[PDB]
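Working notes, structure below.
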Amino acid sequence: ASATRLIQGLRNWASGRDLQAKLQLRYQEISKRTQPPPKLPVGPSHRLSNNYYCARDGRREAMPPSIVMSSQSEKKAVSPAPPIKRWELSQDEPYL
Amino acid sequence: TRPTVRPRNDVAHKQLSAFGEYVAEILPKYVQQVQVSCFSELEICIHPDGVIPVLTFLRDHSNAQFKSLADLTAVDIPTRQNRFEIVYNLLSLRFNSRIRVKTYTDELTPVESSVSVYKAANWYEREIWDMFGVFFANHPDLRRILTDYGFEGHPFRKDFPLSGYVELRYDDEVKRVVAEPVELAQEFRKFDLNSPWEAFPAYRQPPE
Amino acid sequence: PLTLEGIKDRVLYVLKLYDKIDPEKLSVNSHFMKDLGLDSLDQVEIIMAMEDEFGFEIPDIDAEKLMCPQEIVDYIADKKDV
Amino acid sequence: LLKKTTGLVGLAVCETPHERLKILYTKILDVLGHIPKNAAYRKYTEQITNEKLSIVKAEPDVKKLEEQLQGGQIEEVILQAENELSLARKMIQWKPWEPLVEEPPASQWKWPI
Amino acid sequence: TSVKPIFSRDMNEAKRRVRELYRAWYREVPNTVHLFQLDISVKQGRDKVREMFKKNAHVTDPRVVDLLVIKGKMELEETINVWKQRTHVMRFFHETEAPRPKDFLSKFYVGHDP
Amino acid sequence: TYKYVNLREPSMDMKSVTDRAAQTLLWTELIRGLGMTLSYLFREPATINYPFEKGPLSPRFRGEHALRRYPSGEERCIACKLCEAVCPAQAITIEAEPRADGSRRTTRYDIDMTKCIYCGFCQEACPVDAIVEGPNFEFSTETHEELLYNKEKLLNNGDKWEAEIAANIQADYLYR
Ligand code: SF4
Ligand code: SF4
């Protein structure tokens with residue numbers, strides 16, 4: 001940031017870019033190293049009523065795997081999912 | 001059960017169940033079990049004589065097209081007489097799906113190599129040789145891949161200790177790195193952590 | 001290789017170079033396992049020394065049967081003319 | 001319209017995709033006639049191959065054929081037809097419509113132990 | 001008791017494979033002594049090969065000796081193709097390891113191991 | 001939702017062909033690369049003057065370990081062994097007994113700093129803020145066993161760095 005405008009002009013000419021608008025060295029635009037103290041929020045289970053753990057127990061809703069076939073007519077041939085939709089070319093910048 | 005519980009995907013569960021029935025009835029010669037997990041992952045548990053015919057099916061069939069071998073895995077489970085559980089994770093890019101193909105072997109029965117189906121397996125089952133001692137028949141260049149060159153023992157077997165049986169040091173008498181029996185200056189401290197209370201009643205096994 | 005006697009003397013020379021065989025009890029019809037008192041790997045390295053001397057390769061199906069120096073000189077005779 | 005590239009490296013553009021797909025589908029059905037009738041591979045593969053062959057015979061366009069076969073480019077549809085043909089030729093030799101060759105041990109797929 | 005074989009249908013094919021592996025190691029020992037520029041003799045290296053073969057000489061299972069021949073072929077390929085260094089060859093000669101007490105009385109003197 | 005990198009057909013009119021030939025014969029992109037290297041030549045470098053200038057750290061930084069005290073001199077560690085239970089590398093070795101006033105205190109608090117992975121699971125497992133991982137990162141030794149800290153060394157690191165450790169905890173305890 002302390003470069004003279006002659007060196008700054010030579011530098012912007014050699015790079016071809018306005019380098020002072022986007023400097024890679026950091027200055028007073030960055031955050032303070034001392035911040036105010038946060039007040040972090042609580043989640044949805046911080047409630048005093050209607051908050052039984054059995055109604056939100058994720059680990060105890062996991063089941064053993066359903067055995068579809070075990071060795072102890074004109075039905076449709078299936079796939080593991082529908083076929084994948086063809087991706088669309090970018091409207092942003094397709095390079096086309 | 002909205003915020004903290006994982007949302008269940010019923011559509012994928014029904015579709016993978018239908019495709020598991022599909023594979024179980026196209027290939028009843030080798031398919032032993034078919035299961036779908038609660039988080040919607042299909043497992044085809046097969047006989048080890050059908051490693052090539054099942055994997056060639058899923059790779060080449062027009063309703064499967066599992067063209068990618070994501071991962072090939074063994075698991076040592078010493079309580080089974082076929083202690084090694086060979087796991088083939090497969091990816092169909094056409095149907096955007098994943099399947100798991102599982103089989104078994106013990107220490108002495110060879111599994112047929114799947115390099116003719118997926119070339120990706122060339123190192124993976126090679127690693128299953130190095131880490132578990134599962135021999136793979138008709139592998140092109142089957143040898144060790146991760147251990148040291150004079151390494152005795154298959155380390156990811158669960159009877160193999162955490163520190164090994166040997167440790168290296170440089171010895172200035174012989175001017176050479178040497179191998180000696182392992183002595184730890186501090187033993188690894190085994191922690192018995194398991195609670196004496198049942199955690200998941202849905203997984204309760206029937207008693208004797 | 002020209003005559004059987006030179007092959008026999010050379011077989012016995014290779015056998016007496018082999019240090020585990022006692023050169024007194026070394027004869028033409030002595031057995032390796034029960035007379036000379038040898039391991040099987042001893043017989044295998046004897047056959048490899050015969051390949052070192054005689055300049056040809058002996059396969060496995062016809063080296064398991066070579067249990068005496070007479071069988072060795074007969075096998076070297078049969079893979080040549082004499 | 002003669003598509004310039006398929007976009008996939010090493011997958012060459014097919015000049016006549018319709019005739020190649022008709023040849024490959026009838027060849028799959030001819031190989032597939034040598035499988036027993038009750039085998040599920042035969043019933044399912046005849047079903048999907050007749051569906052794809054009727055879609056090919058119903059559409060003269062190449063682009064619309066790609067968008068209703070729904071298997072990507074037409075050349076990888078040809079590649080999948082070749083893969084299904086090779087598969088069915090192997091399924092004749094393997095005979096996987098047979099019963100199960102061996103039951104597993106009693107606690108082979110029991111998890112946890 | 002009907003098991004799938006690895007290479008050998010019986011023990012005689014297995015002994016054939018053991019024998020060919022021993023022939024290949026026996027031929028390899030002088031080249032191994034030379035190019036790894038070892039401090040042992042060719043006779044001492046062949047003694048170590050014979051010791052390692054006799055170590056497994058009690059096995060009666062064809063599949064176990066098939067895996068032993070497979071692992072010996074792997075060690076041989078690691079020796080011929082120079083993938084081992086000198087240290088991996090010399091690990092068969094436990095030289096820096098002090099000799100363990102063998103009888104009862106010296107094991108009593110040194111500690112608690114039976 | 002996808003784009004094609006490198007699927008451009010170059011124009012074949014005489015203008016563009018002569019542009020590409022002036023590029024080939026007159027090295028125009030090579031002068032462009034020399035220009036960008038010359039452009040960094042006249043920039044101020046990013047080089048700080050270590051050891052007089054220091055890299056910027058945050059108050060969360062996980063450096064050297066320290067056993068802390070209360071504002072009475074009593075050590076915070078009440079020997080609960082949670083830090084060595086959670087310790088992913090098993091670097092913490094703890095032995096305890098009741099001392100002369102009956103208090104639950106350690107007789108051994110070792111941290112092998114060459115097993116330690118510096119992940120700070122000990123300072124978040126600690127219920128009384130006894131073990132922390134302080135702000136010192138410049139503690140390289142000349143000997144391996146100088147990095148095998150016992151309870152005396154860790155309490156001395158606490159007494160050494162406490163004026164800084166307390167302020168870092170004061171900055172970050174409302175995120176914990
Ligand atoms: S920072 Fe991590 S590895 Fe280090 S002592 Fe603490 S818990 Fe153990
Ligand atoms: S440092 Fe903390 S976690 Fe570790 S034993 Fe002491 S009080 Fe417990």
Side-chain angles (χ1 to χ4, degrees), chain A residues 79-96, chain B residues 55-72 88-99 113-126 140-141, chain D residues 1-25 27-28 52 55-56 61-87 89-90, chain F residues 1-12 16 20 23-24 29:
Chain A
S79 63
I84 193 169
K85 185 177 174 65
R86 184 178 294 114
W87 285 0
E88 293 294 326
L89 192 60
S90 175
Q91 301 292 320
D92 185 71
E93 191 178 7
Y95 298 173
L96 268 71
Chain B
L55 291 171
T56 308
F57 178 75
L58 296 175
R59 198 269 308 270
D60 285 331
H61 186 70
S62 296
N63 287 119
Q65 309 190 12
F66 285 86
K67 293 293 191 290
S68 185
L69 172 61
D71 186 71
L72 171 54
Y88 292 87
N89 288 313
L90 303 175
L91 175 62
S92 177
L93 282 76
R94 180 64 61 200
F95 297 105
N96 199 1
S97 297
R98 293 180 185 271
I99 201 168
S113 176
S114 65
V115 293
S116 65
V117 182
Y118 298 104
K119 298 290 187 292
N122 192 2
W123 284 10
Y124 280 105
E125 66 193 357
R126 180 175 165 186
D141 191 2
Chain D
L1 191 144
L2 188 60
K3 187 192 290 183
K4 182 174 73 175
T5 185
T6 59
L8 285 312
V9 175
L11 186 62
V13 183
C14 187
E15 296 291 325
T16 59
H18 288 85
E19 183 65 32
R20 179 63 181 169
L21 284 175
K22 290 178 184 180
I23 289 169
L24 287 173
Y25 288 156
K27 194 175 294 295
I28 287 167
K52 292 182 177 69
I55 290 170
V56 169
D61 195 1
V62 177
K63 274 77 177 173
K64 290 176 70 69
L65 183 63
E66 288 179 353
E67 281 111 20
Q68 68 183 359
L69 284 174
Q70 202 174 2
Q73 301 289 319
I74 201 67
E75 290 84 5
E76 54 187 358
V77 171
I78 294 166
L79 183 62
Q80 184 59 45
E82 295 176 354
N83 288 319
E84 186 70 36
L85 179 66
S86 178
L87 179 64
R89 288 174 178 172
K90 295 176 184 177
Chain F
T1 189
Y2 74 101
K3 66 173 76 176
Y4 289 106
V5 297
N6 197 4
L7 193 64
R8 294 288 182 89
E9 181 66 31
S11 296
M12 293 302 294
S16 299
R20 292 194 296 273
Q23 184 180 3
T24 302
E29 84 279 19

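Note on naming: letters A, B, ... go to the chains in the order of the sequence lines (proteins, then strands), and numbering restarts at 1 for each one. Just so you know, these numbers use all the heavy atoms, side chains as well, and skip hydrogens, waters and symmetry mates.
By the side-chain hydrogen bond (donor to acceptor under 3.5 Å, both in side chains) test, D:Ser86 is found to be paired with no residue, residues two or more places apart in sequence or in another chain being considered. By the side-chain hydrogen bond (donor to acceptor under 3.5 Å, both in side chains) test, D:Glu84 is found to be paired with B:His61, B:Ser62, D:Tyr41, residues two or more places apart in sequence or in another chain being considered. B:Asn89 pairs by the side-chain hydrogen bond (donor to acceptor under 3.5 Å, both in side chains) definition with B:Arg100, not counting sequence neighbours. With sequence neighbours excluded, the residues forming a ring-ring contact (aromatic ring centres under 6.0 Å, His included) with F:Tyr4 are F:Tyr2, listed by chain and number.
The shortest heavy-atom contact between B:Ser97 and B:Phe66 is O-CE2, 3.6 Å. Closest approach of B:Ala64 to B:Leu58, counting heavy atoms only: CB-O, 3.5 Å. Annotation for B:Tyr118 and B:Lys67: closest pair CE2-O, 3.4 Å, computed over non-hydrogen atoms.
Looking at B:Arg59, its side chain does come within 3.5 Å of a backbone N or O of B:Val117 through a donor-acceptor pair. A donor-acceptor pair is defined here as one N or O able to donate and one able to accept, closer than 3.5 Å; no such pair exists between the side chain of D:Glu67 and the backbone of D:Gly72. With hydrogens and angles disregarded, no donor-acceptor distance shorter than 3.5 Å links the side chain of F:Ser11 to the backbone of F:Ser16.
Separating the CG atom in D:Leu24 from the CD atom in D:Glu19 is a distance of 10.0 Å, to the nearest 0.5 Å. Atom CD1 of D:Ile74 is separated from atom NE2 of D:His18 by 6.5 Å, given to the nearest 0.5 angstrom. Here the CG-OH distance, from B:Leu69 to B:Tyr88, works out to 8.5 Å after rounding to the nearest 0.5 Å.
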CA sep, side-chain torsions, deciding dist, call: D:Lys52, D:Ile55, side-chain contact (heavy atoms from CB on, under 4.5 Å): CA-CA 5 Å; D:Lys52 292 182 177 69; D:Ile55 290 170; 5.6 Å; no

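Pairs passing the salt bridge (charged side-chain N to carboxylate O under 4.0 Å, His left out) check and including a residue from residues 114-123 of chain B, sequence neighbours excluded, do not occur. Applying the side chain to side chain donor-acceptor pair (under 3.5 Å) definition to pairs two or more places apart or across chains, none involves residues 86-95 of chain A.
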